[PDB]
Structure formats: structure tokens, C-alpha cells
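Chains as they are written, first to last, in PDB author numbering: chain C, 100 to 149; chain B, 1038 to 1087; chain C', 1088 to 1136. A prime marks a further copy of an entry chain. Don't be surprised by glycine CBs; every beta carbon is placed ideally from N, CA and C.
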């Protein structure tokens, strides 16, 4: 139940930039869980509060 | 009499032309800056811009 | 864990017969004809559960 402290083993994160038009195809898709994200540079919360 | 209305300090011919220009500007065919957009995840089966 | 199958889904035995080539919007799609109703479905999306 306790919050983790040691850096955890996260699943690999595939970024799919999504353009106005694109050819989606699912050959060679991963079967293991894998987080998918649309934007790059998503580490936006940079203003740390002491 | 010329002092009653400075005609925005434009010449008469400039006004007469200016009206026609207002007609060009207000014309639908040159009105090609488009406002707004719709994100939606459809397939592009039959590409028509309209 | 094995995900349970949702209430609306129709069971379908795979068969080579179910899939075919077909014309659809100027290309040869891998159409899936659907045995309960017989509707052809050229696109992978929009198919019945």
C-alpha cells in the first residue's frame, strides 16, 4: 500500500505523433502492455514547489 | 465648400475605385482564410476537401 | 486473468471463406463478410463485435 521510492520498472512508452493524415497499420504490434502517447515533450510540470 | 468633408483626404477617383475594391474584398472566392477545425478519427476512404 | 466476452458479441468460427478481396473506394480491401447478416465490411474499423 506504501508509495514507492526506488525508481520503478515502467512498461516501454511508444510515442505516436498523430498527423492530419496517416496510414495506420498494425503489423508487428506489441502484445505486452505498452503505454502509448500522442505528444512529445510531455514532461511539462517543471515548476517544482519546495 | 471643399472643407465641409475632408474625404479622408483622398482624391475623387481614389474613392470611386475604392468602392470596387470593397467589392473585391467582400467577395466569397478570395475569402480563403479558414476558421476552426474538427478532430475526429475517421478513415479517409474517399478524399474530398469539401 | 482472462477477459470476459462482452454481452453484444457474436461468436464466429474462423474460415478462409469469411475473408476475400473486394473493391471499395478505389482499392482492393480484405473484406470480411459477416455470417449472421451477410454484410461485407471492407474496412477493419466499423465491423460488428
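Minimum Cα-Cα distance from residue 121(C) among the listed residues 1087(B), 1086(B), 1081(B) and 1085(B) corresponds to 1081(B). Chain C' places no beta carbon closer than 8 Å to that of residue 1048(B), leaving this residue out of the contacts.
Checking the DSSP bridge columns, you'll see residue 1108(C') partnered with 1117(C').
Separation of residue 1091(C') and residue 1109(C') (C-alpha to C-alpha, rounded to the nearest whole angstrom) is 33 Å. Residue 1117(C') and residue 1097(C') have their C-alpha atoms roughly 20 Å apart. DSSP places residue 1092(C') outside both helix and strand once states are collapsed to three, so it counts as coil. Here residue 1057(B) carries a helix assignment [DSSP, helix/strand/coil]. In this structure residue 116(C) is in contact with residue 139(C), their Cβ atoms being roughly 7 Å apart against a cut-off of 8 Å.
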